[PDB]
Amino acid sequence: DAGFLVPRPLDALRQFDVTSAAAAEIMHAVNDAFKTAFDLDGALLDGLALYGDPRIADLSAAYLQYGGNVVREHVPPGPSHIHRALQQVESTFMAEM
Amino acid sequence: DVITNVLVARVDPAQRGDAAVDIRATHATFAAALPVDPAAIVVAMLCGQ
Amino acid sequence: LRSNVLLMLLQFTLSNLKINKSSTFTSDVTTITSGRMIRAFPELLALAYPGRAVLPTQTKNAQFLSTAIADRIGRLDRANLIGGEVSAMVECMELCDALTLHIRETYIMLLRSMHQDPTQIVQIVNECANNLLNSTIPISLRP
Amino acid sequence: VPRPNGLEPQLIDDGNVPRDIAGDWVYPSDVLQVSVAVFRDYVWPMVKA
Amino acid sequence: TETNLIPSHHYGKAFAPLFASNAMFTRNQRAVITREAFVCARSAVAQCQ
Amino acid sequence: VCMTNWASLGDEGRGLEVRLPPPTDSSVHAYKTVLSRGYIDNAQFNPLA
Amino acid sequence: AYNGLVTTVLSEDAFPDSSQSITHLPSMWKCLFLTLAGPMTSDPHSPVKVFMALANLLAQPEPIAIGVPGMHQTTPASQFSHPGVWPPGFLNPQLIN
Amino acid sequence: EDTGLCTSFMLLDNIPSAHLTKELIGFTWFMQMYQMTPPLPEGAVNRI
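Residues numbered from 1 in each chain as written, not as in the entry; some residues may be left out. Chains lettered and ligands numbered in written order. Part of a larger assembly, values for the part shown. Heavy atoms only, no water.

## Considerations on the interface of chain C and chain H
Taken residue by residue, the interface counts 29 residues in chain C and 17 residues in chain H. Looking at the side of chain C facing chain H, the largest losses of area belong to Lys21(C), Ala46(C) and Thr57(C), adding up to 20% of the total buried there. Taken together, the links from chain C to chain H amount to one salt bridge. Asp2(H) serves as the salt-bridge partner of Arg104(C), at 2.1 Å between the closest nitrogen and oxygen. Inspection of the region where chain C meets chain H yields four residue pairs in polar contact. Mapped onto the side of chain C that touches chain H, the elements with two or more residues apiece are α2 (45–48), α3 (60–65) and α4 (98–113) of chain C. (Contact = heavy atoms within 4.5 Å. Buried area = accessible area lost by both parts, 1.4 Å probe. Salt bridge = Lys/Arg side-chain N within 4 Å of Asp/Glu carboxyl O. Polar contact = N/O pair within 3.5 Å; in protein donor to acceptor, adjacent residues only side chain to side chain. Helix = DSSP H or I, 4+ residues; strand = E, 2+ residues; numbered from the N terminus.)

Set out below in structure tokens:
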């Protein structure tokens, strides 16, 4: 119910506050829906479900120099298409469940 | 200016609820330190036509 | 009796000189707690958390459990440093009492007193060896 | 809560006060799930009548 | 002695298997129990007298 | 009834479907994807997930 | 090419041990090969891991004041892994007589 | 390491409640009747 700010149309569906241990099994079975559909080999973003917090937002990489400097390179995804397709299915489920 | 660490942040550190530095922070150097033999590099530096 | 009681509470103190170790805090998916991360041990799970009880009929021990505050259960404040590693410590509210808890905390305090940083252990060993052998301790956060 | 002298076995309100069954209740789902062993024997037989 | 020896090198090799283990602090860890047993005996004798 | 690719005619495509049964039967085996393994029967879904 | 993901470092075995002095002949052939294979590695402390590897050897022929607190002239040259441990004599040779 | 509830005072029942089933029933609901181990122990008198 906290975390990242996506438009959530499924919201009256009762769901408890997902902690980091429970967001693993959500994130693991979503990246297992891309390895079954597109049949990739190798990691394909599943690393995000085996350690650390799965509620990732704005993934970024940085290096800390010794002289008190840190170069964050924020890499966000550009246009997203399946998520644009998912948000219309998720807003049709609340219309016709 | 010599780089000390390389960190991957799932969420930028101003907004993450509980600090979770990347695990690569724990390593002594800033990457996977494979050792190399300097007496094997120095053969390929002095020979090699 | 005083000499026998003091030699019994010495055995009460010494048998409690342990370190509290954190097991896994699995979330509760059922509707009894719903989301508050309890501590799944096997017949001790229903004996450690009286807040998670089912009270079908108004019995005298279930009359007391009706006043149990529902949020005061499970972990409260996971203090984890490194993402992907073990947490440093957690603050839970299980069935443990205060008297035994106080003894256990003191034992943890004792270990902390006789513990030095890695910039001190290498400054002890290299001085206990008269700098014949000087050693390197890596400079990265051992949590 | 069952009462001893034949007085009907009532159940607990929201504010923890035993009100009688024969009325119209509003069981929230969570409650039904943790009391279906006592829903099925006391209040739901007072539904079918 | 040996002819060409370095006394800061020959001791660095001979004291090598000593400090490679944490047996140097067994005498240190034993002292923190000979203390706590001593106070809890002096407070156990003198609380009976 | 939502039976995805019921009228397909191309190739295998992607091994993934939501073949919901009609509501005369029980449509419960497609709502136990995430936090519903082991502790639940094959005739009920967890409403908290 | 993959620097930052994986950095090759000099081995902790082919360093001359700091107890050994430079009068030992096969302990300077380990230090000669260390300097020639110095810039080949992508370890950013390979200046200090090469420079202090000599200064471990002649640590009584040429005694020096390694100004970092905690690190003594004989401290082995695999210890210098952080930029705070770069000795101030190395950063400016005017502090070395 | 302990890995257990750091308690030392076990709530026990030394005098069990009667499982009376012919005369005078419904007065005593054992927790175990519904298949659950009760958190606080049930007995006529529960000592510590």
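## A few points about the arrangement of the chains
Of all 15 pairs of chains in contact, the one with the most contacts involves chains C and H. There is a gap between chain B and chain E: no contact, and a shortest C-alpha distance of 20 Å. In this structure chain D stays clear of chain G, and the shortest span between their C-alpha atoms is 50 Å.

## Considerations on unusual backbone geometry
Residue and element names in this part refer to chain H. Despite not being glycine, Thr 3 has its phi angle at roughly 55°, a positive value. Examined against the element boundaries, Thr 3 turns out to sit in the segment before β1 (12–15). Here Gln 35, not a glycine, exhibits a phi torsion of approximately 75°, which is positive. Looking at the element boundaries, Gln 35 is found in the loop between β1 and β2 (45–47).

## Structural notes on the packing of aromatic side chains
All names here are of chain A. According to the stated counting rule, one finds eight aromatic pairs over all chains in the structure shown. A ring pair is formed by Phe 34 and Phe 38, whose centres lie 5.8 Å apart and whose planes are at 10°; its orientation type is stacked. On the basis of relative accessible area, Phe 34 is assigned to the partly exposed category, the value being 32%. Taking relative accessible area as the criterion, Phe 38 reaches 43% and is therefore assigned partly exposed. (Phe/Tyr/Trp six-rings, centres within 6.5 Å; stacked < 30°, edge-to-face > 60°. Buried < 20%, exposed > 50% of the residue type's maximum accessible area, 1.4 Å probe, protein only.)

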